[PDB]
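Numbering (the deposited numbering), first residue to last: 179 to 192, 197 to 355. Ideal Cβ placement from N, Cα and C applies to all residues, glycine included.
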Amino acid sequence: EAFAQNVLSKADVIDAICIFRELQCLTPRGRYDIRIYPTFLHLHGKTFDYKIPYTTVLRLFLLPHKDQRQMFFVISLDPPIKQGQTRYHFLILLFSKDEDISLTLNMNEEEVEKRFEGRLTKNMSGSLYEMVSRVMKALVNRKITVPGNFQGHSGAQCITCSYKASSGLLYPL
DNA sequence: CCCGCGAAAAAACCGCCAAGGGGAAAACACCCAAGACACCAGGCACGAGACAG
């Protein structure tokens, strides 16, 4: 804080709409902060960084976990973000239902009303996954797909099955 | 039906295979396995309980 104050005392600072710090990502793997912009999102990592325009997004999927304790937030990309010799077709995020948050936008009330048409507010609070879903919806306009009318025998909304030498969850959307 | 329907001499220009299907070698990528890098979250240590004792 002292260094920041010393910097501000000499600089003339004039941005991101909202910044989520450290969100459990599964594809790619690791903790990544997410900065929101009017036309894209900056996925900042401890080493690698990516920038996904909203024009590249195709679908947003919000799925529950088999144990009913976690939430999967999937973003379908196009073109896929590239990293050396690998291309990711989906951005997967993992959240916990008991992981709340309180966010405040970097905009004013009237500007938010004009931009998001009242879909968002200057200050919000609620579950982390709910907040991310609401923000991404208000940004992309695409509706977030949710599980259908399927309910497995174990009461879960998916089936545990293998695929390409790897276990995982299959959701009938 | 078969066969014939004059001796010839000179010149010129046009006629100059193309496809469908089978096979060989090559790359072209899928699948599988193993190593090395980023990192993150799980154990250890410490404070601060607090709650039975």
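A residue is called buried once 16 or more other Cβ atoms fall within 10 Å of its Cβ, and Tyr345, having fewer, is exposed.
Around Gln206, the same chain offers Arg213, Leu275, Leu276, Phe277 as residues with beta carbons nearer than 8 Å, after the five sequence neighbours per side are excluded. In terms of Cβ geometry, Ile234 and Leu208 do not form a close pair [threshold 8 Å]. Going by C-alpha positions, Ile192 is about 45 Å away from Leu355. Per DSSP, the unbroken beta strand (DSSP E) holding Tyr270 starts and ends at 268-278. Listed as beta-bridge partners of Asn305 by DSSP are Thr286.
Put simply, of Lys325, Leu321, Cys343, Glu291 the residue whose alpha carbon is nearest the alpha carbon of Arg217 is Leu321. When the beta-carbon positions are compared, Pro329 and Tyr311 stay at least 8 Å from each other. DSSP places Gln252 in the strand class (E or B) of the three-state scheme. Burial state of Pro246 is buried, judged by a 10 Å Cβ sphere holding 16 or more other Cβ atoms. For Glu291, same chain residues with a beta-carbon under 8 Å away, outside a window of 5 residues either side, are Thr303, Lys304 in chain order. With a cutoff of 8 Å on beta-carbon distance, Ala198 and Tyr232 are scored as not near each other.
Residues of the same chain with a CB within less than 7 Å of the CB of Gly227, apart from the 5 flanking positions on each side, are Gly212, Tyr214 in chain order. Here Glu295 carries a helix assignment [DSSP, helix/strand/coil].
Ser307 is not a Cβ neighbour of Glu281, given a cutoff of 8 Å. Between the C-alpha atoms of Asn331 and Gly300 there is a straight-line separation of about 30 Å. Note that the C-beta distance between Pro262 and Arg251 is not below 8 Å.
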